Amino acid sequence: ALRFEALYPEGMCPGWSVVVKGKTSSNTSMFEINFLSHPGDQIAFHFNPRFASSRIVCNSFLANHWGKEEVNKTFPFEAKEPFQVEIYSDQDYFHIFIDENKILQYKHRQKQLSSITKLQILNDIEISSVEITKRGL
């Protein structure tokens, strides 16, 4: 289920931050934050905290396939507890921060950064805030 979507047709990458605040309803499910590229609504970056297994899975869905999963070692979320996730893009990576700690970097696979125009947030997250802000390099 779609919880939030945003569209910025001029392109929200690189040099933008997305800050999502909220909490899960359960410890048995998952949510995702996806950055989509146009045309095709391909998934440039999929950030998928899975609470049942306590793993963050990151990947891309390009040319109709999921690529190699990048799975984080730590799981710095607690179910039903408020969190802040920030995703900041530079020319080389998405940088992920949770509760103001840097957690992981994900190297761009979709190199056409300016075609990333859409953000989708799905599944088990009760959102309290979404901020989309142009930062600079």
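In this text, the rigid core denotes the largest set of C-alpha atoms whose superposition between the two forms falls within 1.5 Å. Start at 1 with the first residue shown and count on from there.
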Per-stretch CA RMS vs shown form in 7 other deposited structures of this protein, rigid core as reference, larger of 89 to 97/67 to 75 is 67 to 75
Looking only at C-alpha temperature factors in the entry, 42 to 50 or 75 to 83, the higher average sits in 75 to 83
Quick note on 66 to 74 and 29 to 37: per-entry mean CA temperature factor is higher in 66 to 74
For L122, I127, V19, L119, the deposited C-alpha B-factor is largest at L119
By the entry's values, the third containing the CA B factor of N59 is the lowest
